[PDB]
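*Asks:* As input, take data_33.cif (mmCIF, C-alpha atoms and all ligand atoms; chains and numbers go by the auth columns):
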data_start
loop_
_atom_site.group_PDB
_atom_site.id
_atom_site.type_symbol
_atom_site.label_atom_id
_atom_site.label_comp_id
_atom_site.label_asym_id
_atom_site.label_seq_id
_atom_site.Cartn_x
_atom_site.Cartn_y
_atom_site.Cartn_z
_atom_site.B_iso_or_equiv
_atom_site.auth_seq_id
_atom_site.auth_asym_id
ATOM 1 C CA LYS A 1 0.000 0.000 0.000 0.00 268 E
ATOM 2 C CA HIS A 2 2.867 2.396 0.759 0.00 269 E
ATOM 3 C CA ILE A 3 4.430 1.596 -2.625 0.00 270 E
ATOM 4 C CA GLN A 4 1.132 2.438 -4.323 0.00 271 E
ATOM 5 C CA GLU A 5 0.569 5.659 -2.363 0.00 272 E
ATOM 6 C CA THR A 6 4.133 7.007 -2.681 0.00 273 E
ATOM 7 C CA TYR A 7 5.826 5.839 -5.895 0.00 274 E
ATOM 8 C CA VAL A 8 3.040 4.824 -8.300 0.00 275 E
ATOM 9 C CA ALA A 9 0.554 7.704 -7.934 0.00 276 E
ATOM 10 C CA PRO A 10 1.859 10.179 -5.344 0.00 277 E
ATOM 11 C CA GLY A 11 -0.776 12.731 -4.433 0.00 278 E
ATOM 12 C CA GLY A 12 -3.354 10.890 -6.529 0.00 279 E
ATOM 13 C CA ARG A 13 -1.738 11.713 -9.890 0.00 280 E
ATOM 14 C CA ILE A 14 0.161 9.166 -11.984 0.00 281 E
ATOM 15 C CA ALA A 15 2.325 11.788 -13.703 0.00 282 E
ATOM 16 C CA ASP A 16 4.503 12.379 -10.622 0.00 283 E
ATOM 17 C CA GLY A 17 5.360 8.731 -9.967 0.00 284 E
ATOM 18 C CA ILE A 18 8.507 6.914 -11.035 0.00 285 E
ATOM 19 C CA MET A 19 6.541 3.968 -12.460 0.00 286 E
ATOM 20 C CA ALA A 20 4.268 3.942 -15.484 0.00 287 E
ATOM 21 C CA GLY A 21 1.181 3.795 -13.272 0.00 288 E
ATOM 22 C CA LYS A 22 1.691 0.066 -12.673 0.00 289 E
ATOM 23 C CA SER A 23 0.292 -0.884 -9.280 0.00 290 E
ATOM 24 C CA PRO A 24 2.213 -3.565 -7.350 0.00 291 E
ATOM 25 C CA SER A 25 1.002 -7.034 -6.433 0.00 292 E
ATOM 26 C CA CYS A 26 2.144 -9.901 -4.245 0.00 293 E
ATOM 27 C CA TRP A 27 3.128 -11.840 -7.386 0.00 294 E
ATOM 28 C CA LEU A 28 5.470 -9.110 -8.654 0.00 295 E
ATOM 29 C CA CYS A 29 8.161 -10.051 -6.123 0.00 296 E
ATOM 30 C CA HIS A 30 7.036 -13.546 -5.061 0.00 297 E
ATOM 31 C CA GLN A 31 6.990 -15.384 -8.390 0.00 298 E
ATOM 32 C CA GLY A 32 5.203 -18.380 -6.894 0.00 299 E
ATOM 33 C CA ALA A 33 7.498 -18.821 -3.881 0.00 300 E
ATOM 34 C CA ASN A 34 7.406 -17.770 -0.238 0.00 301 E
ATOM 35 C CA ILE A 35 10.762 -15.977 -0.638 0.00 302 E
ATOM 36 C CA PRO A 36 11.265 -13.917 -3.827 0.00 303 E
ATOM 37 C CA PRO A 37 13.832 -15.528 -6.144 0.00 304 E
ATOM 38 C CA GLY A 38 15.372 -12.117 -6.830 0.00 305 E
ATOM 39 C CA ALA A 39 15.842 -11.269 -3.157 0.00 306 E
ATOM 40 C CA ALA A 40 19.445 -10.658 -2.131 0.00 307 E
ATOM 41 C CA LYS A 41 21.058 -12.726 0.598 0.00 308 E
ATOM 42 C CA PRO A 42 22.089 -10.845 3.761 0.00 309 E
ATOM 43 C CA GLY A 43 25.304 -8.863 3.434 0.00 310 E
ATOM 44 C CA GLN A 44 25.111 -8.605 -0.394 0.00 311 E
ATOM 45 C CA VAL A 45 23.364 -5.172 -0.976 0.00 312 E
ATOM 46 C CA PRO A 46 25.443 -1.901 -0.627 0.00 313 E
ATOM 47 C CA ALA A 47 25.180 -0.965 3.115 0.00 314 E
ATOM 48 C CA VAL A 48 23.566 2.488 2.331 0.00 315 E
ATOM 49 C CA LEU A 49 20.643 0.584 0.634 0.00 316 E
ATOM 50 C CA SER A 50 20.183 -2.158 3.312 0.00 317 E
ATOM 51 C CA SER A 51 18.077 -2.600 6.456 0.00 318 E
ATOM 52 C CA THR A 52 21.006 -2.170 8.856 0.00 319 E
ATOM 53 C CA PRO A 53 21.352 1.626 8.608 0.00 320 E
ATOM 54 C CA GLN B 1 23.711 -21.539 -5.850 0.00 55 Y
ATOM 55 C CA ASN B 2 24.496 -17.915 -6.661 0.00 56 Y
ATOM 56 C CA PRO B 3 26.270 -16.134 -3.767 0.00 57 Y
ATOM 57 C CA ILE B 4 24.016 -13.050 -4.149 0.00 58 Y
ATOM 58 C CA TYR B 5 20.473 -14.126 -5.039 0.00 59 Y
ATOM 59 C CA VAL B 6 18.110 -16.733 -3.629 0.00 60 Y
ATOM 60 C CA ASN B 7 16.966 -18.353 -6.894 0.00 61 Y
ATOM 61 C CA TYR B 8 18.187 -15.930 -9.572 0.00 62 Y
ATOM 62 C CA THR B 9 21.328 -15.607 -11.671 0.00 63 Y
ATOM 63 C CA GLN B 10 22.864 -13.089 -14.062 0.00 64 Y
ATOM 64 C CA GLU B 11 26.030 -14.975 -14.957 0.00 65 Y
ATOM 65 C CA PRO B 12 25.761 -15.412 -18.776 0.00 66 Y
ATOM 66 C CA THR B 13 26.560 -11.719 -19.265 0.00 67 Y
ATOM 67 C CA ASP B 14 26.127 -11.657 -23.032 0.00 68 Y
ATOM 68 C CA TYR B 15 24.298 -8.320 -22.655 0.00 69 Y
ATOM 69 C CA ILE B 16 27.506 -6.421 -21.770 0.00 70 Y
ATOM 70 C CA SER B 17 29.807 -5.514 -24.651 0.00 71 Y
ATOM 71 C CA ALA B 18 33.603 -5.602 -24.648 0.00 72 Y
ATOM 72 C CA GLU B 19 33.974 -1.839 -25.074 0.00 73 Y
ATOM 73 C CA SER B 20 31.879 -1.330 -21.938 0.00 74 Y
ATOM 74 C CA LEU B 21 34.188 -3.612 -19.942 0.00 75 Y
ATOM 75 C CA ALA B 22 37.289 -1.876 -21.310 0.00 76 Y
ATOM 76 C CA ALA B 23 35.861 1.522 -20.364 0.00 77 Y
ATOM 77 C CA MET B 24 34.968 0.217 -16.901 0.00 78 Y
ATOM 78 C CA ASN B 25 38.511 -1.026 -16.308 0.00 79 Y
ATOM 79 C CA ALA B 26 40.026 2.211 -17.626 0.00 80 Y
ATOM 80 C CA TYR B 27 37.776 4.315 -15.383 0.00 81 Y
ATOM 81 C CA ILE B 28 38.645 2.160 -12.365 0.00 82 Y
ATOM 82 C CA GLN B 29 42.347 2.634 -13.106 0.00 83 Y
ATOM 83 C CA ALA B 30 42.002 6.391 -13.630 0.00 84 Y
ATOM 84 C CA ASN B 31 39.733 7.135 -10.625 0.00 85 Y
ATOM 85 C CA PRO B 32 40.315 5.345 -7.299 0.00 86 Y
ATOM 86 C CA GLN B 33 37.411 7.275 -5.727 0.00 87 Y
ATOM 87 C CA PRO B 34 34.005 8.120 -7.233 0.00 88 Y
ATOM 88 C CA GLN B 35 33.683 11.565 -8.784 0.00 89 Y
ATOM 89 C CA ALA B 36 29.959 12.391 -8.436 0.00 90 Y
ATOM 90 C CA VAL B 37 27.872 10.145 -6.166 0.00 91 Y
ATOM 91 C CA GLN B 38 24.788 11.255 -4.235 0.00 92 Y
ATOM 92 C CA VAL B 39 23.397 7.928 -2.945 0.00 93 Y
ATOM 93 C CA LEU B 40 26.215 5.351 -2.889 0.00 94 Y
ATOM 94 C CA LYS B 41 28.503 6.458 -0.053 0.00 95 Y
ATOM 95 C CA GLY B 42 31.466 4.823 1.635 0.00 96 Y
ATOM 96 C CA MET B 43 32.439 2.800 -1.440 0.00 97 Y
ATOM 97 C CA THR B 44 35.390 2.925 -3.815 0.00 98 Y
ATOM 98 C CA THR B 45 35.112 2.991 -7.601 0.00 99 Y
ATOM 99 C CA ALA B 46 35.904 -0.730 -7.814 0.00 100 Y
ATOM 100 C CA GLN B 47 33.111 -1.652 -5.394 0.00 101 Y
ATOM 101 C CA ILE B 48 30.647 0.601 -7.230 0.00 102 Y
ATOM 102 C CA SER B 49 31.615 -1.008 -10.544 0.00 103 Y
ATOM 103 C CA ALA B 50 31.214 -4.502 -9.083 0.00 104 Y
ATOM 104 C CA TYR B 51 27.757 -3.537 -7.813 0.00 105 Y
ATOM 105 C CA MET B 52 26.854 -2.068 -11.222 0.00 106 Y
ATOM 106 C CA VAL B 53 27.926 -5.331 -12.882 0.00 107 Y
ATOM 107 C CA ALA B 54 26.280 -7.816 -10.501 0.00 108 Y
ATOM 108 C CA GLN B 55 23.029 -6.212 -9.301 0.00 109 Y
ATOM 109 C CA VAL B 56 22.495 -3.114 -11.424 0.00 110 Y
ATOM 110 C CA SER B 57 22.565 -3.941 -15.145 0.00 111 Y
ATOM 111 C CA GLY B 58 22.389 -7.561 -13.992 0.00 112 Y
ATOM 112 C CA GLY B 59 18.949 -7.253 -12.475 0.00 113 Y
ATOM 113 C CA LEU B 60 17.662 -5.460 -15.560 0.00 114 Y
ATOM 114 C CA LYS B 61 19.905 -7.436 -17.969 0.00 115 Y
ATOM 115 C CA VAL B 62 20.924 -4.341 -19.936 0.00 116 Y
ATOM 116 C CA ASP B 63 24.233 -2.831 -21.047 0.00 117 Y
ATOM 117 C CA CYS B 64 26.342 -0.202 -19.292 0.00 118 Y
ATOM 118 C CA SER B 65 25.283 2.263 -22.015 0.00 119 Y
ATOM 119 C CA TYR B 66 21.589 1.967 -21.116 0.00 120 Y
ATOM 120 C CA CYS B 67 22.049 4.678 -18.468 0.00 121 Y
ATOM 121 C CA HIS B 68 25.675 5.857 -18.754 0.00 122 Y
ATOM 122 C CA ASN B 69 27.926 7.541 -21.280 0.00 123 Y
ATOM 123 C CA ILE B 70 30.798 5.165 -21.994 0.00 124 Y
ATOM 124 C CA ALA B 71 33.350 7.958 -22.437 0.00 125 Y
ATOM 125 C CA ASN B 72 32.720 9.462 -18.980 0.00 126 Y
ATOM 126 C CA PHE B 73 30.840 7.535 -16.294 0.00 127 Y
ATOM 127 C CA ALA B 74 30.615 10.651 -14.092 0.00 128 Y
ATOM 128 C CA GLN B 75 28.795 12.746 -16.711 0.00 129 Y
ATOM 129 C CA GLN B 76 25.239 13.704 -15.756 0.00 130 Y
ATOM 130 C CA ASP B 77 23.620 15.155 -18.889 0.00 131 Y
ATOM 131 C CA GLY B 78 24.352 15.778 -22.546 0.00 132 Y
ATOM 132 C CA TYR B 79 23.365 12.368 -23.900 0.00 133 Y
ATOM 133 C CA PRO B 80 19.915 10.942 -24.696 0.00 134 Y
ATOM 134 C CA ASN B 81 19.914 8.481 -21.754 0.00 135 Y
ATOM 135 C CA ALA B 82 20.093 10.811 -18.739 0.00 136 Y
ATOM 136 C CA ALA B 83 16.444 10.322 -17.747 0.00 137 Y
ATOM 137 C CA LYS B 84 17.187 6.622 -17.289 0.00 138 Y
ATOM 138 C CA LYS B 85 19.983 7.507 -14.860 0.00 139 Y
ATOM 139 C CA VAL B 86 17.698 9.859 -12.914 0.00 140 Y
ATOM 140 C CA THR B 87 15.009 7.182 -12.652 0.00 141 Y
ATOM 141 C CA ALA B 88 17.632 4.641 -11.568 0.00 142 Y
ATOM 142 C CA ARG B 89 18.801 6.914 -8.743 0.00 143 Y
ATOM 143 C CA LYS B 90 15.200 7.378 -7.601 0.00 144 Y
ATOM 144 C CA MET B 91 14.751 3.569 -7.692 0.00 145 Y
ATOM 145 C CA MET B 92 17.882 3.149 -5.516 0.00 146 Y
ATOM 146 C CA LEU B 93 16.432 5.546 -2.944 0.00 147 Y
ATOM 147 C CA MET B 94 13.091 3.722 -3.089 0.00 148 Y
ATOM 148 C CA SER B 95 14.764 0.351 -2.484 0.00 149 Y
ATOM 149 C CA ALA B 96 16.703 1.781 0.457 0.00 150 Y
ATOM 150 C CA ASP B 97 13.485 3.067 2.041 0.00 151 Y
ATOM 151 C CA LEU B 98 11.562 -0.137 1.286 0.00 152 Y
ATOM 152 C CA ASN B 99 13.996 -2.535 2.912 0.00 153 Y
ATOM 153 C CA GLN B 100 14.986 -0.021 5.596 0.00 154 Y
ATOM 154 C CA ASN B 101 11.612 0.496 7.290 0.00 155 Y
ATOM 155 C CA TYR B 102 9.438 -2.374 6.057 0.00 156 Y
ATOM 156 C CA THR B 103 11.538 -5.547 5.898 0.00 157 Y
ATOM 157 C CA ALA B 104 13.426 -4.501 9.034 0.00 158 Y
ATOM 158 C CA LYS B 105 10.220 -5.142 11.008 0.00 159 Y
ATOM 159 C CA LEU B 106 10.229 -8.874 10.244 0.00 160 Y
HETATM 160 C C1 LIG C . 8.700 -6.890 -3.233 0.00 401 F
HETATM 161 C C2 LIG C . 8.734 -5.388 -2.891 0.00 401 F
HETATM 162 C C3 LIG C . 7.643 -7.659 -2.397 0.00 401 F
HETATM 163 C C4 LIG C . 6.313 -7.489 -2.436 0.00 401 F
HETATM 164 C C5 LIG C . 5.525 -6.778 -3.556 0.00 401 F
HETATM 165 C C6 LIG C . 5.721 -8.490 -1.581 0.00 401 F
HETATM 166 N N1 LIG C . 6.733 -9.077 -0.846 0.00 401 F
HETATM 167 FE FE1 LIG C . 6.510 -10.504 0.606 0.00 401 F
HETATM 168 N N2 LIG C . 8.553 -10.575 0.906 0.00 401 F
HETATM 169 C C7 LIG C . 9.464 -9.783 0.209 0.00 401 F
HETATM 170 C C8 LIG C . 10.777 -10.009 0.764 0.00 401 F
HETATM 171 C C9 LIG C . 12.095 -9.350 0.311 0.00 401 F
HETATM 172 C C10 LIG C . 10.583 -11.034 1.889 0.00 401 F
HETATM 173 C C11 LIG C . 11.649 -11.643 2.825 0.00 401 F
HETATM 174 C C12 LIG C . 12.042 -10.655 3.915 0.00 401 F
HETATM 175 C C13 LIG C . 12.604 -11.389 5.103 0.00 401 F
HETATM 176 O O1 LIG C . 13.234 -10.719 5.955 0.00 401 F
HETATM 177 O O2 LIG C . 12.416 -12.630 5.214 0.00 401 F
HETATM 178 C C14 LIG C . 9.172 -11.326 1.903 0.00 401 F
HETATM 179 C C15 LIG C . 8.561 -12.207 2.770 0.00 401 F
HETATM 180 C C16 LIG C . 7.210 -12.437 2.890 0.00 401 F
HETATM 181 C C17 LIG C . 6.576 -13.401 3.762 0.00 401 F
HETATM 182 C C18 LIG C . 7.301 -14.356 4.729 0.00 401 F
HETATM 183 C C19 LIG C . 7.503 -15.711 4.068 0.00 401 F
HETATM 184 C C20 LIG C . 7.996 -16.680 5.101 0.00 401 F
HETATM 185 O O3 LIG C . 8.347 -17.827 4.738 0.00 401 F
HETATM 186 O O4 LIG C . 8.037 -16.301 6.294 0.00 401 F
HETATM 187 C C21 LIG C . 5.257 -13.317 3.586 0.00 401 F
HETATM 188 C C22 LIG C . 4.180 -14.153 4.302 0.00 401 F
HETATM 189 C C23 LIG C . 5.002 -12.302 2.596 0.00 401 F
HETATM 190 N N3 LIG C . 6.216 -11.784 2.189 0.00 401 F
HETATM 191 C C24 LIG C . 3.765 -11.921 2.140 0.00 401 F
HETATM 192 C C25 LIG C . 3.515 -11.028 1.124 0.00 401 F
HETATM 193 C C26 LIG C . 2.209 -10.654 0.644 0.00 401 F
HETATM 194 C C27 LIG C . 0.899 -11.237 1.208 0.00 401 F
HETATM 195 C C28 LIG C . 2.360 -9.766 -0.348 0.00 401 F
HETATM 196 C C29 LIG C . 1.255 -9.083 -1.192 0.00 401 F
HETATM 197 C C30 LIG C . 0.348 -8.160 -0.353 0.00 401 F
HETATM 198 C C31 LIG C . 3.781 -9.547 -0.517 0.00 401 F
HETATM 199 N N4 LIG C . 4.455 -10.330 0.398 0.00 401 F
HETATM 200 C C32 LIG C . 4.370 -8.705 -1.428 0.00 401 F
HETATM 201 C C33 LIG C . 9.180 -8.930 -0.838 0.00 401 F
HETATM 202 C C34 LIG C . 7.935 -8.589 -1.319 0.00 401 F
HETATM 203 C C1 LIG C . 20.914 2.225 -15.196 0.00 402 F
HETATM 204 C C2 LIG C . 20.080 1.099 -14.546 0.00 402 F
HETATM 205 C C3 LIG C . 22.434 1.964 -15.044 0.00 402 F
HETATM 206 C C4 LIG C . 23.137 0.975 -15.608 0.00 402 F
HETATM 207 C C5 LIG C . 22.668 0.110 -16.796 0.00 402 F
HETATM 208 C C6 LIG C . 24.528 1.180 -15.269 0.00 402 F
HETATM 209 N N1 LIG C . 24.590 2.157 -14.297 0.00 402 F
HETATM 210 FE FE1 LIG C . 26.290 2.806 -13.353 0.00 402 F
HETATM 211 N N2 LIG C . 25.207 4.300 -12.434 0.00 402 F
HETATM 212 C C7 LIG C . 23.818 4.417 -12.485 0.00 402 F
HETATM 213 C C8 LIG C . 23.413 5.478 -11.592 0.00 402 F
HETATM 214 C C9 LIG C . 21.982 5.972 -11.308 0.00 402 F
HETATM 215 C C10 LIG C . 24.707 6.010 -10.974 0.00 402 F
HETATM 216 C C11 LIG C . 24.834 7.156 -9.957 0.00 402 F
HETATM 217 C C12 LIG C . 24.943 6.597 -8.546 0.00 402 F
HETATM 218 C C13 LIG C . 24.828 7.735 -7.572 0.00 402 F
HETATM 219 O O1 LIG C . 24.940 7.488 -6.347 0.00 402 F
HETATM 220 O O2 LIG C . 24.624 8.888 -8.022 0.00 402 F
HETATM 221 C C14 LIG C . 25.770 5.226 -11.557 0.00 402 F
HETATM 222 C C15 LIG C . 27.110 5.381 -11.275 0.00 402 F
HETATM 223 C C16 LIG C . 28.154 4.588 -11.707 0.00 402 F
HETATM 224 C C17 LIG C . 29.554 4.771 -11.385 0.00 402 F
HETATM 225 C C18 LIG C . 30.112 5.892 -10.483 0.00 402 F
HETATM 226 C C19 LIG C . 30.878 6.921 -11.305 0.00 402 F
HETATM 227 C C20 LIG C . 30.813 8.248 -10.604 0.00 402 F
HETATM 228 O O3 LIG C . 29.887 8.437 -9.778 0.00 402 F
HETATM 229 O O4 LIG C . 31.685 9.113 -10.866 0.00 402 F
HETATM 230 C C21 LIG C . 30.250 3.804 -11.989 0.00 402 F
HETATM 231 C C22 LIG C . 31.777 3.590 -11.930 0.00 402 F
HETATM 232 C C23 LIG C . 29.319 2.977 -12.723 0.00 402 F
HETATM 233 N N3 LIG C . 28.047 3.485 -12.530 0.00 402 F
HETATM 234 C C24 LIG C . 29.636 1.873 -13.479 0.00 402 F
HETATM 235 C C25 LIG C . 28.763 1.184 -14.288 0.00 402 F
HETATM 236 C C26 LIG C . 29.104 0.083 -15.159 0.00 402 F
HETATM 237 C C27 LIG C . 30.523 -0.494 -15.332 0.00 402 F
HETATM 238 C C28 LIG C . 27.991 -0.313 -15.784 0.00 402 F
HETATM 239 C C29 LIG C . 27.854 -1.455 -16.816 0.00 402 F
HETATM 240 C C30 LIG C . 28.054 -2.837 -16.159 0.00 402 F
HETATM 241 C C31 LIG C . 26.900 0.519 -15.321 0.00 402 F
HETATM 242 N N4 LIG C . 27.407 1.422 -14.409 0.00 402 F
HETATM 243 C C32 LIG C . 25.587 0.427 -15.725 0.00 402 F
HETATM 244 C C33 LIG C . 22.961 3.658 -13.251 0.00 402 F
HETATM 245 C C34 LIG C . 23.317 2.664 -14.132 0.00 402 F
#
Show me the file's structure as structure tokens.

*Replies:*
Amino acid sequence: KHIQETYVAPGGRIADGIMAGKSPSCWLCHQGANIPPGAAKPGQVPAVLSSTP
Amino acid sequence: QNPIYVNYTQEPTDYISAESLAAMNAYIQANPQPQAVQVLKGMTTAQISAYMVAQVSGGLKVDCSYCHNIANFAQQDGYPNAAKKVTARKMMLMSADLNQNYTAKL
């Protein structure tokens, strides 16, 4: 819901978002699995873009 | 059994040309530290290049010239692919936020 409200159509208007008005779904990340296949293992993403800071 | 992803791989990097790799190596040799970075901090040029080979341009499966200018990796505008670079920076910030205050609660 946060992804939809902030990056798809921020303020209610699609033109300001960074996506082409494409709302997310559970399937977009989870491609049929309980852990997304494209998820990075811990310690592999640049520290500035991780959960630790 | 990729050491980065759970069930994904980028290894057959046929989408990256040889000139792109040569330019990457030359830029690494000529610049030990990054020249214009606003999001990726505390990393050398070699680490940034490794990230931009493995996860960026390996998660989209595109070439280094999709967002950059091969002659100068630090250039910001003047070529017809700058909007892609701007969107990519915004998508880096979004990912940081997303896994910083939503997957840190699990
Ligand atoms: C990409 C932004 C995702 C979206 C869209 C959805 N999920 Fe997800 N999910 C994502 C990650 C990176 C992880 C693992 C994080 C961790 O620290 O483990 C998950 C995990 C889950 C789980 C837990 C699975 C388990 O075995 O415990 C569940 C139950 C889950 N996610 C549910 C879920 C639902 C219902 C979604 C649609 C509303 C959904 N996720 C979307 C990444 C992403
Ligand atoms: C769009 C998805 C890109 C692809 C394809 C490649 N790169 Fe990239 N690069 C991108 C952005 C948005 C940035 C700026 C990061 C920031 O914090 O502002 C960069 C930056 C670099 C740098 C740093 C150079 C400098 O800042 O002076 C390097 C060395 C770099 N990128 C290398 C690189 C290589 C070798 C690529 C092909 C494998 C490549 N990038 C592709 C976005 C994108």

*Asks:* Would you compute the distance between CA of residue 136 in chain Y and CA of residue 121 in chain Y? Give it in Å to one decimal.

*Replies:* 6.4 Å

*Asks:* With all atoms listed in the file as the counted atoms, please give the residues lying no more than 12 Å from residue 146 in chain Y, apart from itself and same-chain residues fewer than 3 positions off, as a PyMOL selection string.

*Replies:* (chain E and resi 285+312-313+315-317) or (chain Y and resi 92-94+106+109-110+139-143+149-154)

*Asks:* Please compute the CA of residue 86 in chain Y-atom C24 of ligand LIG 402 (chain F) distance, one decimal, in Å.

*Replies:* 12.8 Å

*Asks:* Given the PyMOL selection byres (((not hetatm)) within 7 of (chain F and resi 401)) and the file above, list the residues it selects as a list in words.

*Replies:*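 Matching residues under the PyMOL selection byres (((not hetatm)) within 7 of (chain F and resi 401)) are residues 291, 292, 293, 294, 295, 296, 297, 301, 302, 303 and 306 of chain E; 157, 158 and 160 of chain Y.
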
*Asks:* Do you know which residues are at most 7 Å from residue 307 in chain E counting only C-alpha atoms, after dropping those on the same chain fewer than 4 positions away, and could you put them as a list in words?

*Replies:*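 Final neighbour list, sorted by chain and number: residues 311 and 312 of chain E; 58, 59 and 60 of chain Y.
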
*Asks:* What's around residue 286 in chain E at 10 Å? Count all atoms listed in the file, leave out sequence neighbours fewer than 4 positions away in its own chain, and write the answer as a list in words.

*Replies:*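 With the cut-off at 10 Å, the set is residues 271, 274, 275, 276, 281, 282 and 290 of chain E; 141 and 145 of chain Y.
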
*Asks:* Since the input is missing atoms, can you rebuild N, CA and C atoms for range 87-104 of chain Y and write them as a compact mmCIF listing (two decimals), in the frame of the given file?

*Replies:*
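Printed below is out.txt as written:
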# COMPACT_ATOMS: atom_id res chain seq x y z
N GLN Y 87 38.60 6.88 -6.47
CA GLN Y 87 37.41 7.28 -5.73
C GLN Y 87 36.34 7.80 -6.68
N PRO Y 88 35.06 7.62 -6.35
CA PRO Y 88 34.01 8.12 -7.23
C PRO Y 88 34.03 9.64 -7.32
N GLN Y 89 33.59 10.15 -8.47
CA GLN Y 89 33.68 11.56 -8.78
C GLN Y 89 32.40 12.33 -8.50
N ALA Y 90 31.23 11.72 -8.72
CA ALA Y 90 29.96 12.39 -8.44
C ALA Y 90 28.94 11.32 -8.03
N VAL Y 91 28.82 11.10 -6.72
CA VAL Y 91 27.87 10.14 -6.17
C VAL Y 91 27.03 10.85 -5.12
N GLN Y 92 25.71 10.66 -5.19
CA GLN Y 92 24.79 11.26 -4.24
C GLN Y 92 24.09 10.24 -3.34
N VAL Y 93 24.09 8.96 -3.70
CA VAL Y 93 23.40 7.93 -2.94
C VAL Y 93 24.36 6.86 -2.43
N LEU Y 94 25.28 6.40 -3.27
CA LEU Y 94 26.22 5.35 -2.89
C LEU Y 94 27.41 5.99 -2.19
N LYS Y 95 27.46 5.85 -0.87
CA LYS Y 95 28.50 6.46 -0.05
C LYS Y 95 29.33 5.38 0.63
N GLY Y 96 30.56 5.75 0.99
CA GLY Y 96 31.47 4.82 1.64
C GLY Y 96 31.89 3.65 0.78
N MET Y 97 31.99 3.85 -0.53
CA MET Y 97 32.44 2.80 -1.44
C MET Y 97 33.46 3.38 -2.41
N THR Y 98 34.41 2.54 -2.81
CA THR Y 98 35.39 2.92 -3.82
C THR Y 98 34.80 2.76 -5.21
N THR Y 99 35.57 3.15 -6.23
CA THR Y 99 35.11 2.99 -7.60
C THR Y 99 35.01 1.52 -7.98
N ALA Y 100 35.94 0.69 -7.49
CA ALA Y 100 35.90 -0.73 -7.81
C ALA Y 100 34.66 -1.40 -7.24
N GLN Y 101 34.31 -1.08 -6.00
CA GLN Y 101 33.11 -1.65 -5.39
C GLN Y 101 31.85 -1.19 -6.11
N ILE Y 102 31.80 0.09 -6.49
CA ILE Y 102 30.65 0.60 -7.23
C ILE Y 102 30.52 -0.11 -8.57
N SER Y 103 31.65 -0.31 -9.26
CA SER Y 103 31.62 -1.01 -10.54
C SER Y 103 31.17 -2.46 -10.38
N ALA Y 104 31.65 -3.13 -9.33
CA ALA Y 104 31.21 -4.50 -9.08
C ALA Y 104 29.72 -4.57 -8.82
